[PDB]
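Only one chain is given next, in C-alpha cells, and it is the form deposited in one PDB entry.
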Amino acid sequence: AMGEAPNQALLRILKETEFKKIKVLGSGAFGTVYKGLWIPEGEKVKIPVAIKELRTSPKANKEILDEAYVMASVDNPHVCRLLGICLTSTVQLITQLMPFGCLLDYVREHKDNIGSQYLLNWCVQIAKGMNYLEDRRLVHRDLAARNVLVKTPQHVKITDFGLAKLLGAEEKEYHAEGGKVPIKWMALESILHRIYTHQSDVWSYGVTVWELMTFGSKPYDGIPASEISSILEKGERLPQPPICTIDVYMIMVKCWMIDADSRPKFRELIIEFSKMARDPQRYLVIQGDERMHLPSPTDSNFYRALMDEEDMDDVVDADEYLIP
C-alpha cells in the first residue's frame, strides 16, 4: 500500500425480515432512531437494536453510507459499533440498543441522583473512546453530551459519526468546506479556519465535560452562534460549574487553550480522570453525594423493565454477540 493500510472491515447486510417490534425512540437533526429486536434466523438469539434513518435521496444514501464506512471500522467498548445496514429504499444503520438514551437527557432527568463517581467514570470512558478514535486517525468533529449514549448508567459510548473524518498517516488536519457544524462545541481554529484535529476534538471534550458537570446546562445559553468566535477571541470561556473543584475546572480550561498542542491529549485525560475517580469527593462537591444509587444489572426488574416477557430467555446484548 503506497498510501495507507487496507481497511478489511466487514460490512454486514441485514435482512429486513430479521427485525421485529420496531418502535420510534426519537427524531431530530440526526434523522429518526427506532428500537427493535434483531433475530438472526436459526441462531436462537434476540438482540436489542437501534435503527437510524436520515431526514430516499441519492444524497441521503451517500451520507448514511459514509457514516456506515466510518463505524464498520471501530471496535471499542466506549464507541458505538455498527452491527450492519439494511437496504430499504432508504438505507438504515443498525447498532446495539442503548436503552437509557443519550447522556445529555440522562443527566437532566437524573440530576438529583447523579454522584461524583458516575460523573468522573463517564469522563474516563469518553476519553477512552476518543483516545481509541485518535489511534484509528478518526476526528469525530461532533463530540457533545447529545452524542454520548448510555448502555447502563455505568457504561457510555460515543455515537453519531455523521461529521467524522479519517486522516492519512501523513496528515495532521481536516480542512472543511461550508457544511454546518455545532459552533458552541467547536475549537476556535475550527470556527475561524475550518481546521479539525484530535486537539479540536479535545476542545469539544472540554465542553462535553462542562455539560455533564452542570447536569446538562446549555453552553453560552441564549448567546447567538454568530457571537461565539468573538467571545472566545476575547479570552472568555464557560464558567466553573458549582460542583467543580479547581482541579476539575483547570482540565476543562486546558481543553480550551488557543494553542491546540498545549491542550491535554485524550490519553492524558484518561490518566487524570482515572486518578480523580479513585477519590471522587476530593474532585466534585455534590450535596448528598453519599446516599445515591442508579440502576445496575443486579436489580429486580433491570432486564424485565425495557423488554417483553416472551423475549427474556433468548435476549443477548450485542456486546456478547460476536462476529459469526
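Between two forms, the rigid core is defined as the largest C-alpha subset superposing within 1.5 Å. The first residue of the sequence shown is number 1, and the count goes up from there.
Asks: Decide, for the other PDB entries of this protein that were compared, whether residue 303 is missing from at least a third of their models.
Replies: Yes, residue 303 lacks coordinates in at least a third of the other compared entries that model both of its neighbours.
Asks: Check whether residue 267 has no coordinates in at least a third of the other compared PDB entries of this protein, counting only entries that model residues on both sides of it.
Replies: Comparison shows residue 267 kept in all of the other entries.
Asks: Per the record, how many residues of the deposited chain fall between residue 55 and residue 56 without being modelled: none, 1 to 3, 4 to 9, or 10 or more?
Replies: Going from residue 55 to residue 56, the model skips 1 to 3 residues of the deposited sequence.
Asks: Please compare 215-223 with 247-255 and name the stretch with the higher mean C-alpha B-factor in the deposited structure.
Replies: Between 247-255 and 215-223, it is 215-223 that shows the higher mean C-alpha B-factor.
Asks: Higher mean Cα B-factor in the deposited model: 46-54 or 274-282?
Replies: Result of the comparison: 46-54.
Asks: Going by the deposited entry, which of 66, 290, 261, 268 has the highest CA temperature factor?
Replies: Highest C-alpha B-factor among the listed residues goes to 290.
Asks: Whose C-alpha has the highest temperature factor in the PDB entry: 76, 96, 90, 208?
Replies: Answer for 76, 96, 90, 208: 90, with the highest C-alpha B-factor.
Asks: Grab the CA temperature factor for residue 161 from the record and place it in the lowest, middle or highest third of its chain.
Replies: As the PDB entry reports it, the C-alpha B-factor of residue 161 lands in the lowest third of its chain.
Asks: Using the B-factors in the PDB entry, rank residue 230's C-alpha atom against the chain and give the third, lowest, middle or highest.
Replies: Highest third of the chain for residue 230's C-alpha B-factor.
Asks: Where does the C-alpha B-factor of residue 237 rank in its chain, lowest, middle or highest third?
Replies: It falls in the middle third of the chain.
Asks: Within this chain, which third does the Cα B-factor at residue 174 fall in: lowest, middle or highest?
Replies: Tercile = highest for this residue's CA B-factor.
Asks: Compare the C-alpha B factor of residue 105 with those of the other modelled residues in its chain, then answer lowest, middle or highest third.
Replies: Middle third of the chain for residue 105's C-alpha B-factor.
If you look for the form deposited in another entry, you will not find it shown, but the lines that follow are about it.
Asks: Core fitted between this form and the one not shown: which of 271, 285, 258, 29 shows a C-alpha shift of 2 angstroms or more?
Replies: Looking at each option in turn, only one qualifies, and it is 29.
Asks: Is residue 306 displaced by at least 2 Å at its C-alpha between this form and the one not shown when the rigid core is overlaid?
Replies: Yes, because once the rigid core is superposed, the C-alpha of residue 306 moves 2 Å or more between this form and the one not shown.
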